[PDB]
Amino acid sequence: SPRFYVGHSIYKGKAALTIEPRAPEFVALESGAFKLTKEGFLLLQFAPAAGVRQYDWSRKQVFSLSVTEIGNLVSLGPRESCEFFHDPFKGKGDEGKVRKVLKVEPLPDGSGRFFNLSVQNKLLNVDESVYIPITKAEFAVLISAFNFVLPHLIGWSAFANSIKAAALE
């Protein structure tokens, strides 16, 4: 059960993006079965360029892509955009004070996708926005990886790789 850091990164002129999977959460039932209590998701980290081959991760902005949001990305038409809005303090007394918006847009010549994360603190009059262009080839890698990971994020791999053993017992 060793930890594996396997972020997938895209490095561009003005920004970098790293994408890391996060496992679903389970709880143990009295019977000893486990129940999925939280879906997995993907953590996106965006950082602005800060120097030659260097990005300022101290100023990174993050966004947690849910299973449904991954579904949006893997089904985008060639001229379709999607936009996701998250309040990181929903529930908590800081609700409504910060909005994170991830937008994904087609590049105007068909050559790929434009990702934008904007993190907006209205009371503080600050919008921190990071853009990164993603080629069609890079986006295809994401589609493949996203389709791969979805069954794991919803816990179905746990079901899948359990068939071979349970069938014997």
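Sequential numbering from 1, following the sequence displayed.
*Residue stretch of maximal mean CA temperature factor, 101-109 vs 139-147*: The stretch with the larger mean CA B-factor is 101-109.
_Which of 154-162 and 13-21 has higher mean CA B factor, as the PDB entry lists it_ = Higher mean C-alpha B-factor in the PDB entry: 154-162.
*Based on what the PDB entry reports, which of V67, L29, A47, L43 has the top C-alpha B-factor?*
Most elevated C-alpha B-factor of the set, per the entry: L29.
*Between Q54, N116, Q61, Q120, let me know which has the highest C-alpha B-factor in the entry?*
Among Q54, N116, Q61, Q120, the highest C-alpha B-factor in the entry belongs to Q54.
*Pull the Cα B-factor of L36 out of the PDB entry and bin it into the chain's lowest, middle or highest third.*
For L36, whose C-alpha B-factor we compare with every modelled residue in the chain, the answer is the middle third.
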